[PDB]
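Below is structure.cif, which holds mmCIF, C-alpha atoms.
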data_model
#
loop_
_atom_site.group_PDB
_atom_site.id
_atom_site.type_symbol
_atom_site.label_atom_id
_atom_site.label_comp_id
_atom_site.auth_asym_id
_atom_site.auth_seq_id
_atom_site.Cartn_x
_atom_site.Cartn_y
_atom_site.Cartn_z
ATOM 1 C CA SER O 22 125.496 50.993 105.987
ATOM 2 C CA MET O 23 123.481 54.061 107.055
ATOM 3 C CA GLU O 24 122.990 54.796 103.370
ATOM 4 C CA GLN O 25 121.224 51.462 102.775
ATOM 5 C CA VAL O 26 118.959 52.152 105.788
ATOM 6 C CA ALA O 27 118.140 55.646 104.477
ATOM 7 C CA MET O 28 117.270 54.214 101.076
ATOM 8 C CA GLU O 29 115.037 51.587 102.677
ATOM 9 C CA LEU O 30 113.270 54.263 104.767
ATOM 10 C CA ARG O 31 112.627 56.138 101.512
ATOM 11 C CA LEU O 32 111.179 53.011 99.895
ATOM 12 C CA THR O 33 109.084 52.359 102.992
ATOM 13 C CA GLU O 34 107.829 55.937 102.696
ATOM 14 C CA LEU O 35 107.052 55.430 98.981
ATOM 15 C CA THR O 36 105.241 52.215 99.845
ATOM 16 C CA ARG O 37 103.186 54.141 102.390
ATOM 17 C CA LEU O 38 102.291 56.796 99.808
ATOM 18 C CA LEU O 39 101.500 54.191 97.131
ATOM 19 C CA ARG O 40 99.394 52.213 99.586
ATOM 20 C CA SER O 41 97.273 55.338 100.063
ATOM 21 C CA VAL O 42 97.088 55.942 96.288
ATOM 22 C CA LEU O 43 96.049 52.323 95.730
ATOM 23 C CA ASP O 44 93.272 52.651 98.322
ATOM 24 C CA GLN O 45 91.967 55.789 96.650
ATOM 25 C CA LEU O 46 92.062 54.261 93.170
ATOM 26 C CA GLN O 47 90.269 51.138 94.323
ATOM 27 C CA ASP O 48 87.491 53.261 95.848
ATOM 28 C CA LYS O 49 86.749 54.393 92.286
ATOM 29 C CA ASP O 50 85.819 50.739 91.569
ATOM 30 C CA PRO O 51 82.843 50.224 93.873
ATOM 31 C CA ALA O 52 81.611 47.347 91.686
ATOM 32 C CA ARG O 53 84.911 45.505 92.394
ATOM 33 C CA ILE O 54 85.278 44.620 88.716
ATOM 34 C CA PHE O 55 89.070 45.032 89.023
ATOM 35 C CA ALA O 56 89.525 43.611 92.523
ATOM 36 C CA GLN O 57 90.796 40.143 91.512
ATOM 37 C CA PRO O 58 92.519 38.421 88.554
ATOM 38 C CA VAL O 59 90.226 37.557 85.689
ATOM 39 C CA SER O 60 89.349 33.894 86.396
ATOM 40 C CA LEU O 61 90.973 31.507 83.911
ATOM 41 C CA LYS O 62 88.209 29.075 84.871
ATOM 42 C CA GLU O 63 85.415 31.486 83.821
ATOM 43 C CA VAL O 64 87.385 33.031 80.936
ATOM 44 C CA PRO O 65 89.500 30.117 79.704
ATOM 45 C CA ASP O 66 90.826 31.908 76.570
ATOM 46 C CA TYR O 67 91.879 35.069 78.467
ATOM 47 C CA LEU O 68 95.645 34.630 78.111
ATOM 48 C CA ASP O 69 95.252 34.233 74.329
ATOM 49 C CA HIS O 70 94.025 37.836 74.339
ATOM 50 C CA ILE O 71 95.792 39.503 77.247
ATOM 51 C CA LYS O 72 99.505 38.885 77.712
ATOM 52 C CA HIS O 73 100.042 40.757 80.982
ATOM 53 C CA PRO O 74 96.993 40.400 83.265
ATOM 54 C CA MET O 75 96.715 42.757 86.222
ATOM 55 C CA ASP O 76 94.272 43.513 89.006
ATOM 56 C CA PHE O 77 94.220 45.356 92.330
ATOM 57 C CA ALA O 78 94.941 42.258 94.468
ATOM 58 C CA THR O 79 98.044 41.453 92.440
ATOM 59 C CA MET O 80 99.188 45.087 92.784
ATOM 60 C CA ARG O 81 98.667 44.982 96.534
ATOM 61 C CA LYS O 82 100.809 41.867 96.830
ATOM 62 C CA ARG O 83 103.656 43.525 94.965
ATOM 63 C CA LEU O 84 103.229 46.731 96.930
ATOM 64 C CA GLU O 85 103.543 45.005 100.313
ATOM 65 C CA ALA O 86 106.691 43.251 99.119
ATOM 66 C CA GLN O 87 107.966 46.791 98.405
ATOM 67 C CA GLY O 88 108.125 45.799 94.742
ATOM 68 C CA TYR O 89 107.332 49.250 93.340
ATOM 69 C CA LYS O 90 110.613 51.202 93.133
ATOM 70 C CA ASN O 91 109.049 54.418 91.825
ATOM 71 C CA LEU O 92 105.623 55.768 90.946
ATOM 72 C CA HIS O 93 106.068 55.024 87.244
ATOM 73 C CA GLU O 94 106.223 51.269 87.915
ATOM 74 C CA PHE O 95 102.981 51.524 89.939
ATOM 75 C CA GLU O 96 101.257 53.566 87.227
ATOM 76 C CA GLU O 97 102.285 50.963 84.638
ATOM 77 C CA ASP O 98 100.392 48.268 86.558
ATOM 78 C CA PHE O 99 97.319 50.512 87.008
ATOM 79 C CA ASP O 100 97.336 51.287 83.294
ATOM 80 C CA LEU O 101 97.451 47.508 82.610
ATOM 81 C CA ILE O 102 94.247 46.987 84.578
ATOM 82 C CA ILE O 103 92.467 49.621 82.429
ATOM 83 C CA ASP O 104 94.017 48.896 79.038
ATOM 84 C CA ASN O 105 93.522 45.094 79.300
ATOM 85 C CA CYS O 106 89.860 45.627 80.087
ATOM 86 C CA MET O 107 89.289 48.084 77.232
ATOM 87 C CA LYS O 108 90.799 45.598 74.754
ATOM 88 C CA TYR O 109 89.084 42.390 75.942
ATOM 89 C CA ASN O 110 85.664 43.934 76.416
ATOM 90 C CA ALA O 111 83.649 45.840 73.844
ATOM 91 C CA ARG O 112 82.661 49.492 74.257
ATOM 92 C CA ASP O 113 79.012 48.689 75.061
ATOM 93 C CA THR O 114 79.812 46.580 78.135
ATOM 94 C CA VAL O 115 79.639 47.303 81.840
ATOM 95 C CA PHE O 116 83.289 46.188 82.031
ATOM 96 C CA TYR O 117 84.631 48.606 79.410
ATOM 97 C CA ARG O 118 82.601 51.430 80.863
ATOM 98 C CA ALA O 119 83.919 50.711 84.382
ATOM 99 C CA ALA O 120 87.513 50.925 83.088
ATOM 100 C CA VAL O 121 86.826 54.336 81.454
ATOM 101 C CA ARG O 122 85.375 55.670 84.671
ATOM 102 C CA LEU O 123 88.311 54.314 86.725
ATOM 103 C CA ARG O 124 90.782 55.853 84.267
ATOM 104 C CA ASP O 125 89.090 59.262 84.401
ATOM 105 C CA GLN O 126 88.611 59.353 88.172
ATOM 106 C CA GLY O 127 92.025 57.900 88.946
ATOM 107 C CA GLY O 128 93.773 60.556 86.871
ATOM 108 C CA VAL O 129 93.173 63.146 89.566
ATOM 109 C CA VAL O 130 94.675 60.960 92.314
ATOM 110 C CA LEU O 131 97.676 60.122 90.182
ATOM 111 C CA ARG O 132 98.213 63.784 89.257
ATOM 112 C CA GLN O 133 98.668 64.729 92.927
ATOM 113 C CA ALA O 134 100.648 61.575 93.733
ATOM 114 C CA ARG O 135 103.219 62.637 91.128
ATOM 115 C CA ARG O 136 103.546 66.075 92.709
ATOM 116 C CA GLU O 137 103.906 64.553 96.202
ATOM 117 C CA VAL O 138 106.524 62.011 95.165
ATOM 118 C CA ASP O 139 108.568 64.822 93.548
ATOM 119 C CA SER O 140 108.227 67.420 96.315
ATOM 120 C CA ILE O 141 108.793 64.968 99.168
ATOM 121 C CA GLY O 142 111.498 63.457 96.950
ATOM 122 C CA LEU O 143 110.600 59.832 97.644
ATOM 123 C CA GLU O 144 112.262 58.217 94.590
#
Have the structure of the file written as structure tokens, please.
Amino acid sequence: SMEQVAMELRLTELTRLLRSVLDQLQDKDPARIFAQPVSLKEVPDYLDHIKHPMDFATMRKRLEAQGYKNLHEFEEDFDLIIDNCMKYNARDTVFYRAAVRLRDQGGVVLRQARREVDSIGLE
């Protein structure tokens, strides 16, 4: 149907917007601490601590499969990256501090993304 095509154009548009948001958020991680899954070879107990691992590469895979249906789903994965890190790592670590900085700097990007999704009406 035309309606299905319209809906898919909308999702393709959302994907385009989220791809841009993801690129901007990742730029706030110049150290690439959150670029890849935490290695279960280098951190063998990680899944005992963290039940839903997340990272930017995993997000990008889902994004390109058009697996984010709205901005809230995307934000939930970004929040996982930050919250997992701030639980596993102590406050006085380069890892915890990187997550705080990503959280603070990303907030601005996500604030405007929410306005754009609403105004353009992409979800």
Enumerate, as a PDB file with C-alpha atoms, keeping the file's coordinate frame, the protein, DNA and RNA residues whose atoms approach (105.7, 63.3, 97.5) to within 12 Å, taking into account all atoms listed in the file and the coordinate frame of the file.
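Saved result, point-v5.pdb, follows:
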ATOM      1  CA  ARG O  31     112.627  56.138 101.512  1.00  0.00           C
ATOM      2  CA  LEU O  32     111.179  53.011  99.895  1.00  0.00           C
ATOM      3  CA  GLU O  34     107.829  55.937 102.696  1.00  0.00           C
ATOM      4  CA  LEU O  35     107.052  55.430  98.981  1.00  0.00           C
ATOM      5  CA  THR O  36     105.241  52.215  99.845  1.00  0.00           C
ATOM      6  CA  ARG O  37     103.186  54.141 102.390  1.00  0.00           C
ATOM      7  CA  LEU O  38     102.291  56.796  99.808  1.00  0.00           C
ATOM      8  CA  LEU O  39     101.500  54.191  97.131  1.00  0.00           C
ATOM      9  CA  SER O  41      97.273  55.338 100.063  1.00  0.00           C
ATOM     10  CA  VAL O  42      97.088  55.942  96.288  1.00  0.00           C
ATOM     11  CA  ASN O  91     109.049  54.418  91.825  1.00  0.00           C
ATOM     12  CA  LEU O  92     105.623  55.768  90.946  1.00  0.00           C
ATOM     13  CA  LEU O 131      97.676  60.122  90.182  1.00  0.00           C
ATOM     14  CA  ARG O 132      98.213  63.784  89.257  1.00  0.00           C
ATOM     15  CA  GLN O 133      98.668  64.729  92.927  1.00  0.00           C
ATOM     16  CA  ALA O 134     100.648  61.575  93.733  1.00  0.00           C
ATOM     17  CA  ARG O 135     103.219  62.637  91.128  1.00  0.00           C
ATOM     18  CA  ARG O 136     103.546  66.075  92.709  1.00  0.00           C
ATOM     19  CA  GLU O 137     103.906  64.553  96.202  1.00  0.00           C
ATOM     20  CA  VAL O 138     106.524  62.011  95.165  1.00  0.00           C
ATOM     21  CA  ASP O 139     108.568  64.822  93.548  1.00  0.00           C
ATOM     22  CA  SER O 140     108.227  67.420  96.315  1.00  0.00           C
ATOM     23  CA  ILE O 141     108.793  64.968  99.168  1.00  0.00           C
ATOM     24  CA  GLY O 142     111.498  63.457  96.950  1.00  0.00           C
ATOM     25  CA  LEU O 143     110.600  59.832  97.644  1.00  0.00           C
ATOM     26  CA  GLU O 144     112.262  58.217  94.590  1.00  0.00           C
TER      27      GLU O 144
END
Please list as a PDB file with C-alpha atoms, in the coordinates of the input every residue within 10 Å of residue O:108, counting only C-alpha atoms and excluding residues in the same chain fewer than 4 positions away.
ATOM      1  CA  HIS O  70      94.025  37.836  74.339  1.00  0.00           C
ATOM      2  CA  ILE O  71      95.792  39.503  77.247  1.00  0.00           C
ATOM      3  CA  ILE O 103      92.467  49.621  82.429  1.00  0.00           C
ATOM      4  CA  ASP O 104      94.017  48.896  79.038  1.00  0.00           C
ATOM      5  CA  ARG O 112      82.661  49.492  74.257  1.00  0.00           C
ATOM      6  CA  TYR O 117      84.631  48.606  79.410  1.00  0.00           C
TER       7      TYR O 117
END
**Report entry** Spatial neighbours of residue O:48, max dist 12 Å, only C-alpha atoms, sep filter under 3 positions, as a PyMOL selection string
**Finding:** chain O and resi 41-45+51-56+77+122-123+126-127+130
**Report entry** Residues matched by the PyMOL selection byres ((chain O and resi 85) around 10), written as a list in words
**Finding:**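 For this structure, the PyMOL selection byres ((chain O and resi 85) around 10) resolves to residues 33, 36, 37, 39, 40, 80, 81, 82, 83, 84, 86, 87, 88 and 89 of chain O.
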Report summary line: A straight line from atom CA of residue O:24 to atom CA of residue O:97 spans 28.2 Å
Query - Evaluate the PyMOL selection byres ((chain O and resi 74) around 10) and report residues as a ChimeraX atom specification - result: /O:58-59,67-68,70-73,75-76,79,98,101-102,104-106
Requested in this report: Rank nothing, just name the residue among O:113, O:125, O:96, O:29 nearest to residue O:50, using only C-alpha atoms.
Outcome: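 Selected residue with least distance to residue O:50: O:125.
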Report task. For atom CA of residue O:107 and atom CA of residue O:69, quote the distance in Å rounded to one decimal. Result -> 15.4 Å
Requested in this report: Could you jot down the atom CA of residue O:61 to atom CA of residue O:95 separation for me, Å, one decimal place?
Outcome: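 Distance reported for this atom pair: 24.1 Å.
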**Report entry** Residue with smallest distance to residue O:28 - pool O:90, O:78, O:66, O:49, counting all atoms listed in the file
**Finding:**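 Of O:90, O:78, O:66, O:49, the one nearest residue O:28 is O:90, counting all atoms listed in the file.
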